[PDB]
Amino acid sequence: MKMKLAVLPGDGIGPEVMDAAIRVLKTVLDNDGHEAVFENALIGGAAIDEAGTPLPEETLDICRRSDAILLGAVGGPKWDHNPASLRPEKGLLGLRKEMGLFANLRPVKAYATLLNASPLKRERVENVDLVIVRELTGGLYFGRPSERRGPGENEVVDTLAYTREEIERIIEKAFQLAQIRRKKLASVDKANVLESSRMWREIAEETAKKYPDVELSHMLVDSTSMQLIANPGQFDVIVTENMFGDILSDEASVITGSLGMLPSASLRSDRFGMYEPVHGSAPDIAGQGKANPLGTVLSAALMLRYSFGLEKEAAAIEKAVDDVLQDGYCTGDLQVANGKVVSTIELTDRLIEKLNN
């Protein structure tokens, strides 16, 4: 019913696409009597310019108080001469850690008027409607030791380190997700070699008993690789570790041709999450009105669903987006069927129109 959304526009096209999203968001909620509050906070270069830090204290306070957090994008050449800790990106990663977000969702859906842009033949990419869940916290990435020895640096090592809990929490959220979707989950691992994988597969099996309605299937990372190309239509929800997830996520991006309008979510154990578009800030297109708001809008859609259970409301936005693209409208970047180019503002106005239909 009531919801306090933390809004963090950011840099570049960030604000543009955010306004577009908020508009769509507002209408949808209005149509069902929902009351929402939007507190705007700074992050990235903006925050740096106004508070010296890419992630000011006020912003954290707002986020902690909020039911969820909507983000645009951060980045720009103005801050590229600063040390890593004093750059846009840092504020983003910081915010993610402070909120304790471990799950990262990267949905990938096939849009009919976009199949011509798909690197694959229509027959395959057609029907693709999956979501990849990635472990953000642990993995081969943060695992120590990572060093050289020898002497003379003759030997080097990296460590894949996971705690039973880190694996439990993610596989749990994965199940809960597949449960509100087509109830099909694919635990991808390398259980044939990695011990961490063996632990993962065990826990997958265990958690399964708790969600008997969800079909658990086990796949080895390398097979999934081929399958994302020759049969991505089979996947509903895919759960996987950090390193493997990173890879698969990127692979799945290109398959539909919808890259550029891809949303994402970084969830945790409860109904809180940070939703933002995959695309960057693209400071070059700043102000010119070519900023593509579709990604951010679809993000707001994910928010409503995953953080508020507002399915009906979420589907509205998803349909609008689909229909408008079905009509051939885009801001210029997407290669929609029969090119009908409009501006950031218009494409938005269109989405709203379709909503009050």
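Throughout, we count residues from 1 along the sequence that is shown.
Student: Of the two stretches 281 to 289 and 255 to 263, which shows the higher Cα B-factor on average in the entry?
Tutor: Result of the comparison: 281 to 289.
Student: On mean C-alpha B-factor from the PDB entry, just flag whether 305 to 313 or 25 to 33 is the higher one.
Tutor: The stretch with the larger mean CA B-factor is 25 to 33.
Student: Compare the CA B factors listed in the entry for 245, 72, 77, 232 and report the winner.
Tutor: Checking the PDB record, the top C-alpha B-factor among 245, 72, 77, 232 is at 77.
Student: Select one of 189, 135, 158, 89: the residue whose C-alpha shows the highest B-factor in the crystal structure entry.
Tutor: Checking the PDB record, the top C-alpha B-factor among 189, 135, 158, 89 is at 89.
Student: Ranking every modelled residue in this chain by its Cα temperature factor as given in the entry, which third contains residue 20?
Tutor: Lowest third, going by the recorded CA B-factors of the chain.
Student: Among all modelled residues of this chain, ranked by Cα B factor, put residue 100 in the bottom, middle or top third, i.e. lowest, middle or highest.
Tutor: For residue 100, the deposited C-alpha B-factor lands in the middle third.
Student: Lowest, middle or highest third: where is residue 351 by Cα B-factor in its chain?
Tutor: As the PDB entry reports it, the C-alpha B-factor of residue 351 lands in the middle third of its chain.
Student: Among the modelled residues of its chain, does the C-alpha B-factor of residue 68 lie in the lowest, middle or highest third?
Tutor: For residue 68, whose C-alpha B-factor we compare with every modelled residue in the chain, the answer is the middle third.
Student: Is residue 46 in the lowest, middle or highest third of its chain when residues are ranked by C-alpha B-factor?
Tutor: For residue 46, the deposited C-alpha B-factor lands in the highest third.
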